[PDB]
Amino acid sequence: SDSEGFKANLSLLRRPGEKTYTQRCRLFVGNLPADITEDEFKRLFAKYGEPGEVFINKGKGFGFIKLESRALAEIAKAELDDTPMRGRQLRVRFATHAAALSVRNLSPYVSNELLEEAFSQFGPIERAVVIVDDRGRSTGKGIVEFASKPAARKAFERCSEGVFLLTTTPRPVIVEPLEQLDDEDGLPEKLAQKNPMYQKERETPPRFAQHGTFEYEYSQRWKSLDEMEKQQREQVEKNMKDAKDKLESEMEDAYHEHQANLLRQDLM
Amino acid sequence: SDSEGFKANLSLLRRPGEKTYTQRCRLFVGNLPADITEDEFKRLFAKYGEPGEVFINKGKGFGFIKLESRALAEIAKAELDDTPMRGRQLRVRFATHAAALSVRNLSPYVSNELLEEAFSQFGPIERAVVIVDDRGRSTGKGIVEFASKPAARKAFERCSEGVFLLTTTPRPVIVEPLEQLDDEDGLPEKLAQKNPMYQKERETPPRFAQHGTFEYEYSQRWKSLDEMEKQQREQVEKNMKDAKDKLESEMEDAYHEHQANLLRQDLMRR
RNA sequence: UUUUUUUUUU
RNA sequence: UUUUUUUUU
């Protein structure tokens with residue numbers, strides 16, 4: 273099995289200039305009994321270094337706990353999800369950041385730094401990242417993870433009511449909520465059992481479709497629909513880029529055909 | 273920075289149930305000499321434990337190297353990016369992942385394990401994952417990091433071209449390439465410099481727009497086009513989901529109404 | 001052409 | 001031959 277850690281380990285597990293006990297560290301353990309104590313929890317993750325921001329709603333059997341690093345936590349979940357524990361089996365996963373903001377239409381020269389500079393005005397930041405492609409050039413979209421949920425909510429309103437921008441040439445930042453998901457651990461078969469009918473569905477083994485069946489043509493149609501679904505979206509995207517890609521330059525006709533007209537009248 | 277104890281250390285960075293020297297460990301180092309040796313390259317990541325498959329295109333001043341954990345590479349990349357080295361500053365960042373597939377229209381029953389159980393037939397797989405929401409459930413959307421590009425390629429071919437399915441109730445799997453991006457290290461000002469005009473743009477500082485113009489006005493009109501782009505793509509989705517959502521049932525009538533058709537006809541040879 | 005800038009193998 | 005997992009301050 274996985275060694276639990278060591279004091280050694282703990283500083284290692286700090287992903288390299290990660291701030292400790294980020295919200296990204298907080299973990300939701302659901303499913304705990306009612307008479308679970310404050311220190312009985314905390315004991316469960318004695319294993320995992322000096323705990324932090326810990327909390328329970330005993331009435332619903334659930335609670336939070338921040339650990340040293342996101343790596344460290346992720347092991348926590350690793351080691352703990354589906355622990356039997358007074359009959360119940362604890363369910364651990366990460367807590368829902370919900371302070372997390374996706375941002376788009378960033379110039380290619382927004383640096384991770386500068387994004388935090390900008391948005392640090394709406395409060396304590398936990399992290400601000402500009403995303404990068406396979407060659408590590410900007411992809412116009414970024415992440416701001418906020419300290420407090422007010423801080424986010426205020427950055428949201430402000431930036432989506434008002435017009436926030438970042439560099440000399442003007443591109444409003446478009447601040448939509450980030451929706452979280454896990455591609456790291458995902459869904460194991462472990463806990464894909466304890467749903468209604470794994471078997472009913474999985475009773476037929478992965479396979480290719482018979483070049484004739486109903487079940488083939490059904491698919492080949494559904495596919496077809498989807499290929500189309502794409503074609504449409506792909507066209508909307510193309511329509512609309514073409515649409516921004518035009519604008520900047522016919523905008524510079526509000527300042528170039530509006531004076532081109534008004535010039536020789538006054539001092540003549 | 274630059275870590276005090278290792279070896280005793282590395283194993284601990286490995287990940288949980290990470291296959292080590294996965295392609296997600298593969299580092300691109302670009303920007304190096306004519307005259308780098310192989311030896312010299314590996315000696316570079318001496319620090320970082322047993323080196324994996326490594327490779328230099330001396331002809332183009334770049335090479336690759338796999339390290340034990342994604343974890344550990346991350347570090348090397350960090351300790352090493354921009355290292356001056358006979359005239360140049362080497363570039364370390366993660367190499368590209370050809371051999372990474374996105375899958376879709378995934379049964380909500382499809383388990384991480386099962387996913388690779390299926391795909392393993394096109395080649396060894398490095399990992400496969402069902403993505404899950406905040407409430408850890410299927411997003412009908414997976415990932416299958418493969419062995420090699422051939423593997424991912426035959427996997428792709430055989431799934432666009434054929435009709436692969438995974439559970440009993442027929443949902444084709446939609447393999448497409450999955451394109452690669454870094455929500456992690458991202459883009460530091462560090463090297464945000466070394467493009468032509470950082471300043472030109474950064475000259476103006478992060479601000480609101482002037483409730484008059486002009487930058488304001490161009491910006492709310494850009495905002496318009498956008499909310500509109502949304503509306504459109506929002507609809508394409510609801511439209512075509514309707515289309516599909518229909519199909520399950522409106523197909524169950526090529527198989528009952530073309531079949532309760534052909535029973536009564538021959539029932540009159542009198 | 002000092003270099004950042006191209007370059008991401010079967 | 002034991003229990004909140006469409007419940008996340």
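Going down the list, the protein sequences come from chains L and S. Each number in full-length UniProt numbering corresponds to the 1-based position in the first sequence with 272 added. Each number in full-length UniProt numbering corresponds to the 1-based position in the second sequence with 272 added. We put the CB at the ideal spot given by N, CA and C, even for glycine.
How about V364 (chain L) and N384 (chain L): do their beta carbons lie closer than 8 Å? Cβ atoms of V364 (chain L) and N384 (chain L): not closer than 8 Å.
Count the other CB atoms within 10 Å of the CB of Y381 (chain S); is the residue buried (16 or more) or exposed (fewer)? Of the residues assessed, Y381 (chain S) falls on the buried side of the cut-off, its CB having 16 or more other CB atoms within 10 angstroms.
Which of the three DSSP states, helix, strand or coil, is assigned to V508 (chain L)? Shown here, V508 (chain L) sits in a helix according to DSSP, grouped into three states.
For the putative contact between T368 (chain S) and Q361 (chain S), defined by C-beta atoms under 8 Å, what is the C-beta separation to the nearest angstrom? About 21 Å; that fails the 8 Å criterion.
Spell out whether any CB of chain S is found under 8 Å from the CB atom of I337 (chain L). The C-beta of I337 (chain L) comes no closer than 8 Å to any C-beta of chain S.
Compute the Euclidean distance between the alpha carbons of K314 (chain L) and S341 (chain L), then round it to the nearest angstrom. Between the alpha carbons of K314 (chain L) and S341 (chain L) lies a gap of roughly 17 Å.
To which residues of the same chain is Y470 (chain L) closer than 7 Å at the C-beta, ignoring the five residues directly before and after it? Here the set comprises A464.
Within 10 angstroms of the Cβ of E499 (chain L), are there 16 or more other Cβ atoms? Answer buried if so, exposed if not. Around the Cβ of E499 (chain L), a 10 Å sphere holds fewer than 16 other Cβ atoms; the residue is exposed.
Tell me whether the beta-carbon of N329 (chain L) lies closer than 8 Å to the beta-carbon of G321 (chain L). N329 (chain L) is not a Cβ neighbour of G321 (chain L), given a cutoff of 8 Å.
Do the CB positions of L339 (chain S) and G324 (chain S) come within less than 8 Å of each other? Yes, the pair counts as a contact, with Cβ atoms nearer than the cut-off.
Quick check for students: name the residue ranges of the alpha helix (DSSP H) that lie wholly in the segment 424-486 of chain S, counting only runs of 4 or more. For secondary structure counted as the alpha helix (DSSP H) over 4 or more consecutive residues, the segment 424-486 of chain S holds these complete runs in sequence order: 461-464 and 470-474.
Please report how far the alpha carbon of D274 (chain L) lies from the alpha carbon of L285 (chain S), in whole angstroms. Cα-Cα distance, rounded: 11 Å.
Look up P305 (chain S) in the DSSP assignment and say whether it is helix, strand or coil. The DSSP-derived three-state label of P305 (chain S) is coil.
So, under 8 Å CB-CB, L373 (chain L) and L450 (chain L) are touching, yes? Tell me the CB distance rounded to an integer number of Å. Correct: roughly 6 Å between the Cβ atoms.
DSSP state of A345 (chain S) mapped onto helix, strand, coil: Here DSSP, grouped into helix, strand and coil, assigns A345 (chain S) to helix.
If you follow the beta strand (DSSP E) that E398 (chain S) is in, where does it begin and where does it stop? DSSP places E398 (chain S) inside the beta strand (DSSP E), whose first and last residues are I397 to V404.
Any 3 or more C-beta pairs closer than 8 Å across the segment 429-442 of chain L and the segment 468-488 of chain S: At 8 Å Cβ cutoff, the stretches touch.
Using the Cα positions of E388 (chain S) and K279 (chain L), report the straight-line distance between them to the nearest angstrom. For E388 (chain S) and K279 (chain L), the distance between alpha carbons rounds to 35 Å.
Apply the 10 Å Cβ neighbour rule to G277 (chain S) and answer buried if 16 or more other Cβ atoms are within range, or exposed otherwise. Looking at its Cβ environment, which holds fewer than 16 other Cβ atoms inside 10 Å, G277 (chain S) is exposed.
Under a three-way DSSP split, which group does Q492 (chain S) fall into? Helix.
Which residues, in chain order, does the segment 390-403 of chain S contribute to contact with chain L at a C-beta distance below 8 Å? Under the 8 Å Cβ criterion, the segment 390-403 of chain S contributes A390, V401, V402 and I403.
Using alpha carbons as the reference points, say which of S:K349, S:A424 and S:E346 lies closest to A370 (chain S). Selected option, being the one with the closest Cα: S:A424.
In whole angstroms, what is the alpha-carbon distance linking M523 (chain L) and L459 (chain S)? Looking at the two C-alpha atoms, the distance is approximately 31 Å.
Can you give me the C-alpha to C-alpha distance between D517 (chain L) and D525 (chain L), rounded to a whole angstrom? Approximately 15 Å, taken between the alpha carbons.
Would you mind giving the Cβ-Cβ distance between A400 (chain S) and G414 (chain S), rounded to the nearest angstrom? I have them listed as a contact below 8 Å. In this structure, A400 (chain S) and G414 (chain S) form a Cβ contact; the two beta carbons are roughly 7 Å apart against a cut-off of 8 Å.
Which first and last residues belong to the alpha helix (DSSP H) in which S283 (chain L) is found? From DSSP, the alpha helix (DSSP H) with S283 (chain L) extends over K279 to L284.
Three-state secondary structure (DSSP) at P356 (chain S)? For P356 (chain S), the three-state secondary structure derived from DSSP is strand.
Take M512 (chain S) as the anchor and find which of L:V508, L:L534, L:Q504 and L:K510 has the nearest alpha-carbon. Among L:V508, L:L534, L:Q504 and L:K510, the Cα nearest to that of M512 (chain S) is on L:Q504.
So the candidates are L:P442, L:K510 and L:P396; which of them puts its Cα closest to the Cα of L378 (chain L)? Nearest C-alpha to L378 (chain L): L:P442.
Once DSSP output is grouped into helix, strand and coil, what is the label at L497 (chain S)? In this structure, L497 (chain S) counts as helix in the three-state DSSP scheme.
Any beta carbon of chain L sitting closer than 8 Å to that of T292 (chain S)? No, because no Cβ of chain L sits closer than 8 Å to the Cβ of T292 (chain S).
With a threshold of 8 Å between beta carbons, is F486 (chain L) in contact with chain S? For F486 (chain L), the answer is yes, since a Cβ of chain S falls inside 8 Å of its Cβ.
With DSSP as the reference, label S374 (chain S) as helix, strand or coil. Three-state result, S374 (chain S): strand.
Which residues in chain L sit within 9 Å of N533 (chain S), going by Cβ to Cβ distance? What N533 (chain S) touches in chain L: nothing, since even the nearest Cβ is about 15 Å away.
Just mark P468 (chain S) as buried or exposed, buried being the case when its beta carbon has 16 or more other beta carbons within 10 Å. With fewer than 16 other CB atoms across the displayed protein chains lying within 10 angstroms of its CB, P468 (chain S) is exposed.
For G331 (chain S), three-class secondary structure by DSSP: Assigned with DSSP and collapsed to three states, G331 (chain S) falls in helix.
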